[PDB]
RNA sequence: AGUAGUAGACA
Ligand SMILES: [Mg+2]
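Numbering (the UniProt record's numbering), first residue to last: 226 to 391, 401 to 431, 450 to 674, 700 to 1491, 1502 to 1565, 1570 to 1601.
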């Protein structure tokens, strides 16, 4: 009933006071926060920092290791097999036993080789044996492992084993010999890595000859395949049962030997696989200084590497290193083609590929940090004004331990000085780009070559708490200095006029807040009805827990335990706990009323990102989520009506909106300006633009949340009262003070440290009880993004109003874009046309008339614009970053996107590289669909069709080897099915090879429908046995879909159906999953069919619906699987385990294949199946085949005219659950719940009448039948492309554009 | 010995 809360009275702020304050503030010279970019300045910065660096860190004489694996190749590489491994291992051990060991590592490999060569015939039989026929032996306990006890170890090998189970220096970058040595070493490595050892046709001319056929002969290519084999062996050894034993593998005809030492299993957290590599000395990933030993022979040298301990993250990174480098070099290839208008030469391509492969091999945190610095440094020295001195000072705040670090520093220094001298010379080549986009993209690809979360876990666990503790302490000092009331309620403007120090972060001006709210109300009042309806269109009377966001599997804080930590749970568990302990299902406002007295609590956990410092995100408790949901719903509803706020936009509508803003800015500058003159005359003026790509320093931490309260009390909503407004203000008051708990991991770490250094003592003092402290003002990051972004928009509008009042004679222009801590400001200013006469005189006349603030607009008035905008933003506790903010007349950066004028450049390599890590863990069909979907998303984001096709091939191959369905593997369909690999349905291991264009247009499930059409046509034409077999396979798939339940249906949708996979089974079975028996759950699902499409709105039925949710196969899998645990997928999927679902039991994929074959061979085509398949072929091809028909029928001819590049532009591709619920509703509670869910309960029947007819026409099926509509319903619930300028928004034109871009350098006419 | 680190770790 929206309980009445205390409101806040206005204070009557006057815009005249702020205008006169700005008049005074602009009469003095103001120091610009940025520095001009010149070659001499950057050179001086580098020189000073380089000379000062030697005092920061102790002298180091030995460069540290940078290569994770050391190996070498002299000949072409062949993939390893079992027999090949056996013969290679025998030959390699024969070679090794003839060498002389001197280091303990050489002694250890000698002992391992002796033990392996002294293994019997039976041991060699059990060794290499598949899991089907493996039998335990005295020496061999696992298929690929042997035992090597201490009775068979020398003194040196045992010494090495003891070594394994036992301030930071830096090199001299200032030294000119250290740089030379590092450059020589890295250059030698790179040079030896380059040593040579319809769309399909276009791919053949271009992507094969100049990209694939060039890099296929390189040493890097074959070394990458060898690294894949070695990492596959190490992954196989990392199993929970195999890891405690020794292992010996050989590659390249016995030239490379991998010795795997006993290791902690990689299924555990914080474990390392330990291994040694012994190889023949030659070209490749060789670092002689960091090699453990070199054993000489009769003109043969054998490099023995150190013992390397590698974690799961780096091992999985190394496993896909070849594909990573390949996609990176292909992206570089396309970008070079776009920039230079020509294909790169062979030497440059080989160099780029070797550089990418070296970067992917060296998965080290320090190189990642260096590249993270570089991706910000490059925009700094390429701008007009930037914080490049601070960025260069930050680049030197690190020790350079490895040779690669010194080499990269050398290259970075050279590139930055050359850039600031000015044409964009490349960082990893010797080409001169014409566009800054080519350069920034290339270095961003280099940055994305590093996997996320390479940081040290223990250090980062503290580094994520440090900032929150520090800024809470700062807030405490501010409260002590100025008083609690002044800090919380803000300072008045008359106080700022007396104390100019008041303008700083965590302090705000009440007058500024009110004036900004007035400026926003000037827009909000012209759409009062729209704003009010949007507010009322929220979940204000809907029950709280009947929302998907309220029962999700995302993290949640529980209650303070006996030890004092905050519990870890998920949202659904807390929802079920509250519902069990409650009597009804409360509303959002009711839930806030019940839990208002409890206090906001939070924890911080790692985000696991690839930045130099890992930011952490906060997990709060339930009442905190209620308060935040109230505030964020209110402010999202209000902010949807503001065009300068960009979080409220869609996922990719932001790019379109910022494009429109840029067109407005460029249209304003197209023209001229006129300044009236004393004697009714006019001084002409030229319009100019200046973009500020701005970041915000400590956007949430250095903030005061109370500033929102008054803002909320003054923002215009069309509601007829203040009840909801007062509730939002109350909720904001209830998040002002929060409990911040430290993680138990950091707590135990500090508890294990005995004595404490002073900084750790200062950090620990923030927590009085030792577990949680109190944070004021700071709204936790990602909790009030919409509110704070709208507040920043309001402050920008306040600056606009103040500046307009300041200079009514000046017709300046302003465009503002806010996305929280990201901002894009566009200042349109005026310059004298001819010389400066009649303008300097005019400004002097204005000064002589008392308008002293005109001193700021004498020259470069955009500087004064930014100064005043920054000051007014600081009035609202918003600091523009002095380092991360760039100022430029041409180039802008916003939302990870680069603009040059109005052009758009989105980095598509990020999602392309993430496709290689795409693993939903739900099945072969689902994972293939996800990978292809991400490749299609890359195509929409600017990837070329050829590069997208290459990534599609790589991702499909990766998924095929992941699930064992590729030819020669155990789950290959051809071994058990009487059909071909390409004629098999995809859910049954069918071939995933499919062109990118059809996936982009037709869809993801096109392959199964095409196979169904082929089988139907064959059977209806000549009645083959093979076509009847394929139809029987489709029938078998349809049976499996019927065996499942409607409420258990996730992932991609296939009408034919697919196998159901359960992959991860928890050992604890979760909480609240046993209060209702399985029989009860299935009977309830049988007798309550309305709830397979809607959520129950009553507590009694919603508790059952939620307890049933904890037993979904896709829920227990997703509630226990982590991002890298795809490691386990190499054992229980490829080698195969009890994963798939068949006949109400969990079996292997092999059992599913056998059952499919048996059902398909004994299959007869009936009339019902005939009609069903006919409808499927005649209804899904009425639109999808038209895409295939459009692509096949069209013809492309290559015009001899050379391709012309152009600026890119973003174009567009131009409730039902309640309906099924109403259809299936029988009981009174089901009807009530579907009426509540439905927005228009009265029209529902008519809607149902429209649903039956619409499906009967478009889908050719009647929803009156239960099974048909049950199959149809998942599909009934159903894009922005970066193209060239001439392409229109019609969906028939974007496919045409893709066909035109089928060739990278040639023009195509259709 | 590795990863990591001017927060003491894996161990
Ligand atoms: Mg920015």
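Note that CB positions come from ideal geometry on N, CA and C, so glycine has one too.
Inset, instruction - Along the alpha helix (DSSP H) that carries residue 476, what are the first and last residues, could you check? - result: Here residue 476 corresponds to residue number 224 of the first chain, with the count starting at 1. Residue 476 -> alpha helix (DSSP H) spans 471 to 489.
Legend entry - At least three beta-carbon pairs within less than 8 Å, the segment 324 to 335 to the segment 523 to 531: yes
Legend entry - DSSP three-state assignment for residue 1442, whether helix, strand or coil: Here residue 1442 refers to the residue found at position 1165 when the first chain is read from its first residue. Assignment of residue 1442 by DSSP, reduced to helix, strand and coil, places it in the coil class.
Inset, instruction - Please classify residue 432: is it buried, with 16 or more other beta-carbons within 10 angstroms of its beta-carbon, or exposed? - result: Missing from the coordinates is residue 432; the shown part of the chain jumps over it, going from 431 to 450.
Legend entry - alpha helix (DSSP H) segments (min. 4 residues) lying fully within the segment 1070 to 1137: 1117 to 1125
Inset, instruction - Alpha carbon to alpha carbon, how far is residue 1399 from residue 563? Give it in angstroms, no decimals. - result: Taking the first residue of the first chain as position 1, residue 563 is located at position 311. Taking the first residue of the first chain as position 1, residue 1399 is located at position 1122. Cα-Cα distance, rounded: 15 Å.
Inset, instruction - Work out the CA separation of residue 1091 and residue 1168 for me, nearest whole Å. - result: Sequence index remark: in the first chain, residue 1168 carries index 891 (1-based). Sequence index remark: in the first chain, residue 1091 carries index 814 (1-based). Rounded to whole angstroms, residue 1168 to residue 1091 spans 17 Å at the Cα level.
Inset, instruction - Decide if residue 1433 is buried, meaning its Cβ has at least 16 other Cβ atoms within 10 Å, or exposed. - result: Against the first chain, residue 1433 aligns to sequence position 1156. That one is buried.
Legend entry - According to DSSP, residues forming a beta bridge with residue 1197: Numbered from its first residue, the first chain carries residue 1197 at position 920. DSSP, once it has assigned bridges, lists no residue as partnering residue 1197.
Inset, instruction - Flag this pair as yes or no: are the beta carbons of residue 1132 and residue 251 separated by less than 8 Å? - result: Within the first chain, the letter at position 855 stands for residue 1132. Within the first chain, the letter at position 26 stands for residue 251. In this structure, residue 251 lies closer than 8 Å to residue 1132 by Cβ.
Legend entry - C-beta atoms of residue 932 and residue 1487 nearer than 8 Å: Looking up residue 932 in the first chain gives position 655. Looking up residue 1487 in the first chain gives position 1210. Their beta carbons are under 8 Å apart, which means residue 932 touches residue 1487 by this criterion.
Legend entry - CA nearest to the CA of residue 1243, picked from 1220, 1269, 1222: Counting from one through the first chain, the residue named residue 1243 turns up at place 966. In terms of Cα proximity to residue 1243, the closest of 1220, 1269, 1222 is 1269.
Inset, instruction - Could you work out which residue in 891, 797, 1009, 573 is closest to residue 765 when comparing CA atoms only? - result: The count along the first chain starts at 1 and reaches residue 765 at position 488. It is 1009.
Inset, instruction - For residue 1482, name the three-state secondary structure that DSSP assigns. - result: Along the first chain, one-based indexing puts residue 1482 at 1205. If DSSP states are grouped into helix, strand and coil, residue 1482 belongs with coil.
Inset, instruction - Below 8 Å CB to CB, which residues in the same chain sit around residue 946 once its five sequence neighbours on both sides are set aside? - result: As a position in the first chain, residue 946 is number 669, starting the count at 1. Excluding positions up to five away in sequence, the list reads 964, 965, 966, 1090, 1105.
Inset, instruction - From the DSSP output, in three-state form, read off residue 1537 for me. - result: Position 1250 of the first chain, counting from 1, holds the residue named residue 1537. Here residue 1537 sits in helix by DSSP.
Legend entry - Buried versus exposed call for residue 1352 [16 or more other C-beta atoms within 10 Å across all chains shown]: Start at 1 with the first residue of the first chain, and residue 1352 comes out as number 1075. Exposed, since its Cβ has fewer than 16 Cβ neighbours within 10 Å.
Inset, instruction - Classify residue 1575 as helix, strand or coil using the three-state DSSP reduction. - result: Start at 1 with the first residue of the first chain, and residue 1575 comes out as number 1284. If DSSP states are grouped into helix, strand and coil, residue 1575 belongs with the strands.
Inset, instruction - Pick out the complete beta strand (DSSP E) segments inside the segment 875 to 954, 3 residues or longer, and give them in chain order. - result: 877 to 883, 893 to 897, 950 to 954
Inset, instruction - Could you check the C-alpha separation between residue 1229 and residue 1196 for me, to the nearest Å? - result: In the first chain, residue 1229 corresponds to position 952, counting from 1. In the first chain, residue 1196 corresponds to position 919, counting from 1. Cα to Cα, residue 1229 sits roughly 15 Å from residue 1196.
Legend entry - Residue closest to residue 387, alpha-carbon to alpha-carbon, out of 367, 279, 514: Position 162 of the first chain, counted from the first residue, corresponds to residue 387. Nearest option by C-alpha distance: 514.
Legend entry - Whole-number beta carbon distance between residue 804 and residue 925, since they are thought to touch under 8 Å: By one-based count along the first chain, residue 925 stands at place 648. By one-based count along the first chain, residue 804 stands at place 527. Not confirmed; about 14 Å, so no contact.
Legend entry - Spatial distance of residue 1159 from residue 1345 (CA atoms): To locate residue 1159, count along the first chain from 1; it is residue 882. To locate residue 1345, count along the first chain from 1; it is residue 1068. When rounded, the distance between both Cα atoms is 51 Å.
Legend entry - Beta-carbon gap between residue 792 and residue 238 smaller than 8 Å: Looking up residue 792 in the first chain gives position 515. Looking up residue 238 in the first chain gives position 13. Result yes, Cβ atoms of residue 792 and residue 238 sit closer than 8 Å.
Legend entry - Own chain partners of residue 681 with C-beta closer than 8 Å, once the 5 adjacent residues on each side are dropped: Regarding the residue in question, residue 681 is not represented: the chain runs 674 and then 700, omitting everything in between.
Legend entry - Closer than 7 Å: residue 1171 CB and nearest ligand 1 heavy atom: Counting from 1 along the first chain, the entry for residue 1171 is found at position 894. The closest heavy atom of ligand 1 lies less than 7 Å from the beta carbon of residue 1171.
Inset, instruction - Note down the Cα distance separating residue 542 from residue 566, rounded to an integer number of angstroms. - result: For the purposes of this step, residue 542 is identified with residue 290 of the first chain, where counting begins at 1. For the purposes of this step, residue 566 is identified with residue 314 of the first chain, where counting begins at 1. When rounded, the distance between both Cα atoms is 19 Å.
Legend entry - Exposure of residue 341, with buried meaning 16 or more beta-carbon neighbours within 10 Å: The sequence position of residue 341 within the first chain is 116, counting from 1. Buried.
Legend entry - Assumed close pair residue 1569, residue 1490 - CB separation to whole angstroms, cut-off 8 Å: The model contains no atoms for residue 1569, which sits in the stretch where the chain goes from 1565 to 1570 directly.
Legend entry - Between the CA atoms of residue 1205 and residue 1213 - distance to the nearest angstrom: What you label residue 1213 is simply residue 936 of the first chain in a count that begins at 1. What you label residue 1205 is simply residue 928 of the first chain in a count that begins at 1. Looking at the two C-alpha atoms, the distance is approximately 12 Å.
Legend entry - Candidates 1335, 1300, 812, 1303: closest to residue 1282 by CA position: Locating residue 1282 in the first chain gives position 1005, where the first residue counts as 1. Of 1335, 1300, 812, 1303, the residue nearest in Cα terms is 1335.
Inset, instruction - Return the bridge partner residues of residue 970 from the DSSP annotation. - result: Taking the first residue of the first chain as 1, we reach residue 970 at position 693. Its beta-bridge partners are 1101, 1163.
Legend entry - Beta-carbon proximity check, residue 1224 vs residue 582, cutoff 8 Å: As a working note, residue 1224 is residue 947 in the first chain. As a working note, residue 582 is residue 330 in the first chain. Closer than 8 Å, so yes.
Inset, instruction - Might you give, ordered along the chain, the residues of its own chain that have their beta carbon closer than 6 Å to the beta carbon of residue 1389, omitting 5 neighbours on each side? - result: In the first chain, the residue the question calls residue 1389 occupies position 1112. Cβ-Cβ distances below 6 Å link residue 1389 to 1325 in the same chain, with the five nearest sequence neighbours on each side left out; the list follows chain order.
Legend entry - Residues of its chain near residue 317, where Cβ-Cβ distance is below 7 Å and the 5 sequence neighbours each way are ignored: In the first chain, counting from the first residue as 1, residue 317 sits at position 92. Excluding residues within five positions, the ones whose Cβ falls inside 7 Å are 502, 506, 509.
Inset, instruction - Could you tell me whether the segment 474 to 491 touches the segment 287 to 302, where touching means 3 or more Cβ pairs closer than 8 Å? - result: yes
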